[PDB]
Amino acid sequence: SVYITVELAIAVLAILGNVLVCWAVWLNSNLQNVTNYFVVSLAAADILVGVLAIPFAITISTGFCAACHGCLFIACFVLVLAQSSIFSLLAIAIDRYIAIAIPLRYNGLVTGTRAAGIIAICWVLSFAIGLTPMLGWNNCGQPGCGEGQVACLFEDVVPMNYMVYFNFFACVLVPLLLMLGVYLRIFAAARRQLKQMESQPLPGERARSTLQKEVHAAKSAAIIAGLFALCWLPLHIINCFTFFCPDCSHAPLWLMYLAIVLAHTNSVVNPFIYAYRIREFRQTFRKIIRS
Ligand SMILES: Nc1nnc(-c2ccc(O)c(Cl)c2)c(-c2ccccc2)n1
Numbered sequence: 007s008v009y010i011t012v013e014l015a016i017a018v019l020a021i022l023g024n025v026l027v028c029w030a031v032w033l034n035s036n037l038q039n040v041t042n043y044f045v046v047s048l049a050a051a052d053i054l055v056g057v058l059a060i061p062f063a064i065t066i067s068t069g070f071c072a073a074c075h076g077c078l079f080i081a082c083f084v085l086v087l088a089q090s091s092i093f094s095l096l097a098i099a100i101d102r103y104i105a106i107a108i109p110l111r112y113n114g115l116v117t118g119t120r121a122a123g124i125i126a127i128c129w130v131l132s133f134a135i136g137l138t139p140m141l142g143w144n145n146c147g148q149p158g159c160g161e162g163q164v165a166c167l168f169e170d171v172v173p174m175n176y177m178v179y180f181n182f183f184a185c186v187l188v189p190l191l192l193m194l195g196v197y198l199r200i201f202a203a204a205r206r207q208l209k210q211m212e213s214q215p216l217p218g219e220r221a222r223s224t225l226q227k228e229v230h231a232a233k234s235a236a237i238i239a240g241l242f243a244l245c246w247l248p249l250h251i252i253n254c255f256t257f258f259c260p261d262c263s264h265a266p267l268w269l270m271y272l273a274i275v276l277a278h279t280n281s282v283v284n285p286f287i288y289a290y291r292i293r294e295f296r297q298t299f300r301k302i303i304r305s
């Protein structure tokens, strides 16, 4: 009952943390910029982890009996929250690039309305993708609980060809390659901005101070995304060994949960990465707690 205890411990922090983030954004209007509309989507997504994903994960770990639909939802619900984070992390990356690349058109393109629009779409695409195994791409009853009910075991009810090709490579690796590729242009151009401002016949510390603050936000966003791949790669790497190499000793359970717990930890680091990186956030929280 140790794994259970740890998972429960995470669920609490995941809720408290991201809920605090959502609250701080609703109180302080200085945090209600278009950029943080996506951060909220990240919060809500990372809240449902400690609310549903973790509860489901602890349940499916021991395995139960239920229909194919009910078994798939509980098993593929984490694929939804993890996919929604992909879009959110990608949007934030693009956003932080649009500001530095084109500061003028930034306010013209990046609107508070389009933000809510994109978010909605991302969630819809997240359910479509995350619950693709429910569309028929599953191993329900492939060569106990009785007719109708199926032994709900993640590896037995969820195809591996999906988890690898469709899910990992296409819906995770590719995005993380686009994101990384984005940050490549961001900092490459950001340093060019400083060079052009290094050969300017005027001080203009307003542009420098703003640029450095736009870069500080872009860097903070890079750290958030970096921790995502850092907490999910190990879990996918494990599945790449099992699939591509049937000979390769199937990953043990004590090592399996560690990669699963590692993924559940990602939802927790955000609230703390905001309080640390953003001086505006930490002070907002500090007020809420006291009062
Ligand atoms: N073999 C295997 N086993 N369990 C999970 C699993 C299940 C529920 C969860 O809540 C978490 Cl975090 C992980 C994954 C897995 C791997 C990559 C992406 C998503 C799931 N792969």
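Residue numbers (the authors' numbering): 7 to 149, 158 to 305.
Every residue gets a Cβ at the ideal spot worked out from N, C-alpha and C, and that includes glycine.
Quiz item: Do the stretch 163 to 181 and the stretch 128 to 140 make contact, defined as three or more Cβ pairs closer than 8 Å?
Solution: By the Cβ rule, the stretch 163 to 181 counts as touching the stretch 128 to 140, because three or more pairs are nearer than 8 Å.
Quiz item: At a cut of 8 Å, does the stretch 227 to 246 reach the stretch 261 to 268 through at least three beta carbon pairs?
Solution: Contact fails: fewer than three Cβ-Cβ distances are below 8 Å.
Quiz prompt | Separation of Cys28 from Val46, as counted between CA atoms | solution = Taken atom to atom, the span from the alpha-carbon of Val46 to that of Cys28 is near 6 Å.
Self-check item: C-beta contact flag for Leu249 and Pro189 at 8 Å
Solution: It is not a contact, given that the beta carbons lie outside the stated cut-off.
Quiz item: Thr41: which of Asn113, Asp170, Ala273 sits nearest, CA to CA?
Solution: Nearest of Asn113, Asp170, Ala273 to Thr41, Cα basis: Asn113.
Quiz item: Using CA coordinates, which residue listed in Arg199, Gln210, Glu219 is at the minimum distance from residue 394?
Solution: The question about residue 394 has no answer here: the residues shown for the chain are numbered 7 through 305.
Quiz item: Curious, which full-length alpha helix (DSSP H) runs of at least 4 residues does the stretch 207 to 289 contain?
Solution: For the stretch 207 to 289, whole alpha helix (DSSP H) runs of length 4 or above, ordered along the chain, are 219 to 258.
Quiz item: Counting Cβ pairs, one atom from each stretch, are 3 or more of them under 8 Å apart for the stretch 55 to 65 and the stretch 289 to 304?
Solution: Of all C-beta pairs linking the stretch 55 to 65 to the stretch 289 to 304, fewer than three are shorter than 8 Å, placing the two stretches out of contact.
Quiz item: Is it the case that the CB of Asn36 approaches a heavy atom of ligand 1 more closely than 7 Å?
Solution: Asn36 Cβ: outside cutoff for every heavy atom of ligand 1.
Quiz item: Considering only the beta carbon of each residue, do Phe44 and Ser7 sit closer than 8 Å?
Solution: Cβ distance not < 8 Å, so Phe44 and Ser7 don't count as in contact.
Self-check item: Closer than 7 Å: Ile274 CB and nearest ligand 1 heavy atom
Solution: Yes, the Cβ of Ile274 comes within 7 Å of a heavy atom of ligand 1.
Quiz item: ligand 1 heavy atoms versus the CB of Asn145: any closer than 7 Å?
Solution: Placement of the Cβ of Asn145 at a distance of 7 Å or more from every heavy atom of ligand 1 is found.
Practice problem: Would you be able to state if there are at least three C-beta pairs under 8 Å between the stretch 67 to 80 and the stretch 114 to 124? | Solution: Verdict: no, contact absent.
Quiz prompt | Best match in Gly218, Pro109, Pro260, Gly195 for proximity to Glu228 [C-alpha to C-alpha] | solution = Checking every option, the nearest Cα to that of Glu228 belongs to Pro109.
Quiz item: Where does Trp246 land, buried or exposed, given buried means 16+ other C-beta within 10 angstroms?
Solution: For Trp246, the number of other beta carbons within 10 angstroms of its own is at least 16, and it is reported as buried.
Self-check item: Contact check, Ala99 vs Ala203, beta carbons under 8 Å
Solution: In this structure, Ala203 does not lie closer than 8 Å to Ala99 by Cβ.
Quiz item: Roughly how many whole angstroms lie between the Cα atoms of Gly160 and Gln38?
Solution: Computed Cα separation, rounded: 52 Å.
Quiz prompt | Rounded distance between the beta-carbons of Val282 and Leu19, thought under 8 Å | solution = Under the criterion of beta carbons closer than 8 Å, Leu19 and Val282 qualify as touching, at roughly 5 Å.
Quiz item: From this set, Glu13, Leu87, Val171, which residue's C-alpha is nearest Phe133's C-alpha?
Solution: Taking only the C-alpha atoms, the option nearest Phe133 is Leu87.
Quiz item: Quick one: does the C-beta of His278 sit closer than 7 Å to a heavy atom of ligand 1?
Solution: Distances from the CB of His278 to the heavy atoms of ligand 1 include at least one below 7 Å.
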